[PDB]
RNA sequence: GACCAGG
DNA sequence: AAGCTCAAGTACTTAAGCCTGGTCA
DNA sequence: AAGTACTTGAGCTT
Ligand SMILES: [Zn+2]
Ligand SMILES: [Zn+2]
Ligand SMILES: [Zn+2]
């Protein structure tokens, strides 16, 4: 589902990586770690996540190797890049060096928490999605049609997504200047 | 629905296809030959378009064939014969291009047989779903040479199927490509690739009348006519080239021409009484026309056999033939012969497939203009007393809610929280409206008891005993009853609210919060209230679609609900640091905000 | 819809095992017929 | 086709947003039809809140078959799901 | 305000009529369908679109796969047992000696043999109407059951 | 009637894919709470 | 002939709700129904049934209703009569309109006077006017010869 | 009664129908605005511009 | 079913 | 000659939901 | 009105 992180209706708070680390005591209880860590596999896919993050290729995106349903180790690339570069970019909330940490925090612990929410936030299979995209076009197609040179809005969308016609009204191109010129 | 009825079948598919000449007579239950509809005694004419055997004409008349009343008679077809048979109107154009592809003297294809057999191998290998393997078989470059090429295609397909053995989407993508290439090949050719003759060309009309001039003198050196001639020539075309046409379609009996069309039962074609006028209908009338033209064909054919005398004979006979072709075209395609035809009542897009199948009027579903209420909840929805007392739903009766259903039937169908009318397990429904409180008490006393007057009363299938009496009761404070407003653009437009029942007023009540979802201004616009009857439906509704569980509109992530105008600016006035409250106001305000008991939990 | 054989002694044994399996009118008539067939 | 064995199951162990719905629904209907209440009632009347009182205790019948799009299925009890 | 608990129906398809003068029902579909089938409420869809409006029990021949071909038996015998429906298209004429069980008769008086694969499937009345008009166009859909 | 005439000539049998088709004959849709089956 | 045959059939039983504990008793509630009644498939009237077992396939719930479904395989002993089968019965009632017999004590036989040739004559005893011995052309009394044999017509025939 | 101007020639009027409207006296302003108003024809109405 | 209305 | 891609030109279905009134032959 | 794909005839090359 384009790696999905979910169907959009819940994937929102992923980017709020500060929010979870801010409290972190209520979210862990919400996700119910004691019952989830039991049945699902954790170590193997988390190990392979680093191997996929290896900059050279021949390693798939971890999501293809290990589906995100049972292996509590797979997340898209950008999600893991985000959690890593957040841990290194904003290290203020997370403590650190390591001994002082192990009272109330742990970088690996909180990263495993975010891993866990990603697992907890997949598309629940069986969701009729096509009709979801149908609503996602219909609603804004209603929203704004009075403008505030190419035509913008529903006449435009009518060509790209409905008629897909050759010889559109104004097919233009944009070319970047180069230093030699 | 009923909860008892078990029906076991699980339909896995439907299969479309033509209908041949034997089965139309197998399903025949009578023949319609007399045009007259009704006699002086006004009774259903025997054998007429309203014959009693076709379908039970109302005023309590039992059907002849099945001999049981109208409430259960399912109607039976009838046949109306024609020795003309006119070619089926819907396939007229494809039949036309096929006729163009015909070579009358040759009775093979205008295309080279080797090319049509290439076409045959294409479909043969497509049947098992092998795409590149189909484009492979053309990899040959070379009548005798032509027969060798055909045998090369045969051996290619032979090894391909041998390796393969040891619908789905992409199948149709190729099987339509072959159809388009088939036409591109067939209609381009004029002279016979097999016979070397120039079979005469053919000219048609949009009125579905076809023929052209005979051959020219030069090509001989090298209009309108009967349908039996066309039928026989197409029979030769098919049976001589059974393979590629069988792949295209082995059966070729009545594909293009209909030897007996069926009159559907009277149940489907009623004589609606609007005021006083009694018009039979459009379809009865047009079937009458084709029947009269059929008997006219019979008489005129007899006149022909009994014998410019031959000229007048053939002219008048062809006139009768073309008239019957024209009127059967009218029946099946009212787009021709300028009342609705069948094709137009289907394809009209005002009628079926859009106005009776996808979306249909529904029972147990009321409707009102809607005022706002902030006091109830964000879950709950107001329900006026009229909707409560009138919207009914079944409730099985068990050991532990017998008390509630007892009280319900004690109250009756005229005073909330009463129930409406009691269903017995056999399948009947006995009302409580015409009864008295004494009678209702009596009937409610024997509400939990096996009353079926045997172990197996209906017949020797004894599960009817197990199911409990279903009491039809009114909605109450916990039931989940859907809401919607058209246009329903995006999914939070329909939701499920818990009912709360109010006294007096005549319009439902909702909370401000949900409003921005349904996109209403509450100026006096109105919303459909529904009530799913069974328990599976209301269960899945209450859980998946409970208002709060639709808190994120799914185009983006941002929240679509929320508090609104007064609440928000008074929020800016309460959160502001300039406001101070004493004990009295603080206690009072906190309590008004919580409202524990009705919500509960604390 | 599968069909097999039933011989004489097989009828007696099958009625025996049936009266032993599920446990009034039918059983009464079956006891009558079993008493008439035996003896 | 196949009926997937217990040793290798690919499906997701989470009691989905849907299996919860249908399970609780059909269970409430069952219990509405004079069925075995496998949990001591609290006097609760609604033929569905009993079903939730049961599923909270994970004492429910009705394993669910998850159809893979191939045509095979895996059969999960409700206690087994998360 | 218009409320429709139970009321008059349509001559053709037995869907509630288009009223407010004839207690007509409210329309639910062609976008209301998209709403629920986005909500993922297949049971609600099958309930409202089928159960509440137009519900029926109809018989089909499993052998031939036809729904027009069902005829309920007449004059089998005295009170005896119930009318056990059969299929005409898959039945052959009564010429010849056959056992009393499988035979049955016609209202006109004809006897037949065959056509016993008649089961009891739920089917919305509108599909019955579609079968009628379709076979009037001479083309009939053959639905299988397994 | 055009799609009808072509799919009728060829007689192409679906299983039946979309929920509109699953619905016209009244059966529960493929999607949603209908995707799986529940057994005792 | 040997008219009795055993048929192990497969039928599709509905497991009612209150019997969701065990299907076996739920099998009973409807297996006691068909007995001594006609099942049209097997072309015979049910006599008895044993060997009740359900093929373990995790019985299915009808997908809008609370009672489930399951295949059960059970062996019936239906009396399958054919044209030309020969049947015996003990005579109970006799009259100069037909002959009355019971086969297996359960199944009735009422054979009109037409199927009896005019060769057999009725004697009327002075004690009971209706009941009386239906002698043959030979002079044999049939009342002590309670076991009487004839053929199936569909109803019997003693005319050869 | 209806408004179908049925004449052998249209007399240079585009639409043949709708020339007449009931004077619903529902409220006086509606009575006036029936008497004053004009309308330019359904032929242009059906066009979406 | 068609033409004017109306939310 | 005639084969075969090229050109304008001829037939041809859709245009949001609902809901409620009225008049009409 | 918009625009679609559909089909036929006239001019150029082997
Ligand atoms: Zn009938
Ligand atoms: Zn030829
Ligand atoms: Zn049949």
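Protein chains in written order, with the UniProt record's numbering: chain A, 1063 to 1158, 1162 to 1213, 1223 to 1255; chain B, 1 to 142, 172 to 195, 203 to 258, 321 to 347, 354 to 411, 421 to 451, 461 to 724; chain C, 12 to 34, 44 to 59; chain D, 61 to 142; chain E, 1029 to 1174; chain F, 1642 to 1681; chain G, 3 to 156, 167 to 172; chain H, 442 to 490.
Note that beta-carbon positions come from the ideal geometry of N, C-alpha and C, so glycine has one too.
For this session: When you get a sec, list the residues whose CB is within less than 6 Å of any heavy atom of ligand 1, chain order please.
Result: In chain order, the qualifying residues are 63(B), 65(B), 66(B), 73(B) and 76(B).
Problem set entry | Cβ neighbours of residue 233(B) in the same chain (closer than 6 Å, five flanking residues each side left out) | Looking up residue 233(B) in the second chain gives position 197. Result list for residue 233(B): 105, in chain order.
Exercise. Within 8 Å (strictly less), CB to CB, does residue 1672(F) reach chain A?
Worked result: Locating residue 1672(F) in the sixth chain gives position 31, counting from the first residue. Closer than 8 Å to some Cβ of chain A, the Cβ of residue 1672(F) qualifies, so yes.
For this session: In angstroms with no decimal places, state the Cα-to-Cα distance between residue 519(B) and residue 576(B).
Result: As a first step, residue 519(B) must be located in the second chain, where it is residue number 397. As a first step, residue 576(B) must be located in the second chain, where it is residue number 454. Residue 519(B) and residue 576(B) have their C-alpha atoms some 20 Å from each other.
Exercise. Hey, how far is the Cα of residue 571(B) from the Cα of residue 94(D)?
Worked result: Start at 1 with the first residue of the second chain, and residue 571(B) comes out as number 449. Start at 1 with the first residue of the fourth chain, and residue 94(D) comes out as number 34. The alpha-carbon atoms of residue 571(B) and residue 94(D) are separated by roughly 13 Å.
Problem set entry | Under 8 Å between C-beta atoms of residue 676(B) and residue 1071(A) | Counted from its first residue, the second chain places residue 676(B) at position 554. Counted from its first residue, the first chain places residue 1071(A) at position 9. Taking the C-beta atoms as reference points, residue 1071(A) is found nearer than 8 Å to residue 676(B).
Exercise. Closest Cβ-Cβ distance between residue 1646(F) and chain G: below 8 Å?
Worked result: Position 5 of the sixth chain, counting from 1, holds the residue named residue 1646(F). Output row for residue 1646(F): interface = no.
Problem set entry | 8 Å Cβ cut-off: residues of chain B touching residue 1200(A) | Stepping through the first chain from its first residue, residue 1200(A) is reached at position 135. Within chain B, the residues near residue 1200(A) are 611, 612, 613, 676 and 677.
Exercise. Using 8 Å as the threshold, is the region 662-673 of chain B in touch with the region 75-83 of chain D, meaning 3 or more CB pairs across them?
Worked result: Judged by Cβ distances under 8 Å, the region 662-673 of chain B makes contact with the region 75-83 of chain D, as three or more pairs qualify.
Exercise. Mind checking residue 702(B): buried by the 16 CB within 10 Å criterion, or exposed?
Worked result: Mapped onto the second chain, residue 702(B) falls at position 580. Exposed, by the Cβ-count rule.
For this session: Keeping to the same chain, check which residues put their C-beta closer than 8 Å to that of residue 60(B); ignore five residues upstream and five downstream.
Result: Translated into positions along the second chain, residue 60(B) becomes position 60. Excluding residues within five positions, the ones whose Cβ falls inside 8 Å are 69 and 70.
Exercise. Going by Cα to Cα distance, which pick from 559(B), 550(B) and 555(B) is closest to residue 574(B)?
Worked result: The sequence position of residue 574(B) within the second chain is 452, counting from 1. Closest in alpha carbon position to residue 574(B), among 559(B), 550(B) and 555(B), is 550(B).
Exercise. So what does DSSP say about residue 1044(E), is it helix, strand or coil?
Worked result: Position 16 of the fifth chain, counting from 1, holds the residue named residue 1044(E). For residue 1044(E), the secondary structure class from DSSP, reduced to helix, strand or coil, is strand.
For this session: Return helix, strand or coil for residue 65(D), following the three-state DSSP convention.
Result: Along the fourth chain, read from residue 1 onward, the residue named residue 65(D) stands at position 5. DSSP places residue 65(D) in coil when its eight states are reduced to three.
Exercise. Does DSSP classify residue 1668(F) as helix, strand or coil?
Worked result: Working through the sixth chain from its first residue, we reach residue 1668(F) at position 27. Taken through DSSP and simplified to helix, strand or coil, residue 1668(F) comes out as coil.
For this session: Closer than 9 Å by beta-carbon distance: list the chain B residues that pair up with residue 1661(F), in chain order.
Result: Residue 1661(F) sits at position 20 when you count from the first residue of the sixth chain. Chain B residues near residue 1661(F): 479 and 480.
Exercise. Quick check: the region 610-628 of chain B against the region 496-515 of chain B, are there 3 or more CB pairs under 8 Å?
Worked result: At 8 Å Cβ cutoff, the stretches touch.
Exercise. When every heavy atom of ligand 3 is checked, does at least one fall within less than 7 Å of the C-beta of residue 1117(E)?
Worked result: Residue numbering aside, residue 1117(E) sits at position 89 when the fifth chain is read from its first letter. At least one heavy atom of ligand 3 falls within 7 Å of the beta-carbon of residue 1117(E).
Exercise. Taking Cβ-Cβ distances shorter than 9 Å, what residues in chain F pair up with residue 121(D)?
Worked result: Along the fourth chain, one-based indexing puts residue 121(D) at 61. Annotation: Cβ neighbours of residue 121(D) in chain F (cutoff 9 Å, chain order): 1681.
Exercise. Within 7 Å: the Cβ of residue 101(B) and any heavy atom of ligand 2?
Worked result: What you label residue 101(B) is simply residue 101 of the second chain in a count that begins at 1. Result no, Cβ not under 7 Å from ligand 2.
Exercise. Distance, Cα to Cα, residue 56(B) vs residue 226(B)?
Worked result: Here residue 56(B) refers to the residue found at position 56 when the second chain is read from its first residue. Here residue 226(B) refers to the residue found at position 190 when the second chain is read from its first residue. Taking the straight line from one Cα to the other gives about 56 Å.
Exercise. Which of helix, strand or coil does DSSP assign to residue 487(B)?
Worked result: Residue 487(B) sits at position 365 when you count from the first residue of the second chain. Strand.
Exercise. Does the beta-carbon of residue 176(B) have 16 or more other beta-carbons within 10 angstroms, so that it is buried, or is it exposed?
Worked result: In the second chain, counting from the first residue as 1, residue 176(B) sits at position 147. So residue 176(B) ends up on the exposed side.
Exercise. Going by the C-beta, is residue 255(B) closer than 7 Å to any heavy atom of ligand 2?
Worked result: Here residue 255(B) refers to the residue found at position 219 when the second chain is read from its first residue. For residue 255(B), the shortest C-beta to heavy atom distance toward ligand 2 is 7 Å or greater.
For this session: Would you please state the rounded distance, in angstroms, between the beta carbons of residue 1141(E) and residue 1090(E)? I believe it to be under 8 Å.
Result: Locating residue 1141(E) in the fifth chain gives position 113, where the first residue counts as 1. Locating residue 1090(E) in the fifth chain gives position 62, where the first residue counts as 1. Incorrect: roughly 17 Å between the Cβ atoms, too far for contact.
Exercise. So does residue 1143(E) have its beta carbon nearer than 7 Å to some heavy atom of ligand 3?
Worked result: In the fifth chain, the residue the question calls residue 1143(E) occupies position 115. Result yes, Cβ under 7 Å from ligand 3.
Exercise. How long is the line joining the alpha carbons of residue 73(D) and residue 138(D), rounded to whole angstroms?
Worked result: One-based indexing of the fourth chain puts residue 73(D) at position 13. One-based indexing of the fourth chain puts residue 138(D) at position 78. Roughly 10 Å separates the two Cα atoms.
For this session: In angstroms with no decimal places, state the Cα-to-Cα distance between residue 475(H) and residue 464(H).
Result: Residue numbering aside, residue 475(H) sits at position 34 when the eighth chain is read from its first letter. Residue numbering aside, residue 464(H) sits at position 23 when the eighth chain is read from its first letter. Between the C-alpha atoms of residue 475(H) and residue 464(H) there is a straight-line separation of about 7 Å.
Exercise. Going by DSSP, which residues form a beta bridge with residue 136(D)?
Worked result: Indexing the fourth chain from 1 puts residue 136(D) at position 76. Within the DSSP bridge table, the entry for residue 136(D) names 124(D) as partners.
Exercise. Beta carbon of residue 141(G), beta carbon of residue 113(G): below 8 Å?
Worked result: Here residue 141(G) corresponds to residue number 139 of the seventh chain, with the count starting at 1. Here residue 113(G) corresponds to residue number 111 of the seventh chain, with the count starting at 1. No, the Cβ-Cβ distance between residue 141(G) and residue 113(G) is not below 8 Å.
Exercise. Taking a cut of 8 Å between CB atoms, which residues from the region 68-99 of chain G lie near chain E?
Worked result: Of all residues in the region 68-99 of chain G, only 83, 84 and 85 come within less than 8 Å of chain E when Cβ atoms are compared, listed by chain position.
For this session: Give the interface partners of residue 103(G) over in chain C, defined as CB-CB distance under 9 Å, in chain order.
Result: Position 101 of the seventh chain, counting from 1, holds the residue named residue 103(G). Correct list: empty, because the minimum Cβ distance to chain C is about 13 Å.
Problem set entry | DSSP three-state assignment for residue 332(B), whether helix, strand or coil | The residue labelled residue 332(B) in the question sits at position 234 within the second chain. If DSSP states are grouped into helix, strand and coil, residue 332(B) belongs with the helices.
Exercise. Would you call residue 147(B) buried or exposed, if buried means 16 or more other Cβ atoms sit within 10 Å of its Cβ?
Worked result: Chain B lacks coordinates between 142 and 172, the interval that contains residue 147(B).
Exercise. Does the beta carbon of residue 112(B) fall short of 7 Å from some heavy atom of ligand 2?
Worked result: Along the second chain, read from residue 1 onward, the residue named residue 112(B) stands at position 112. No; taking the cut-off as 7 Å, the Cβ of residue 112(B) has no heavy atom of ligand 2 nearer than that.
Problem set entry | Segment contact flag, the region 1088-1104 of chain A with the region 1116-1127 of chain A, C-beta cutoff 8 Å, min 3 pairs | Counting Cβ pairs under 8 Å, fewer than three are found: no touch.
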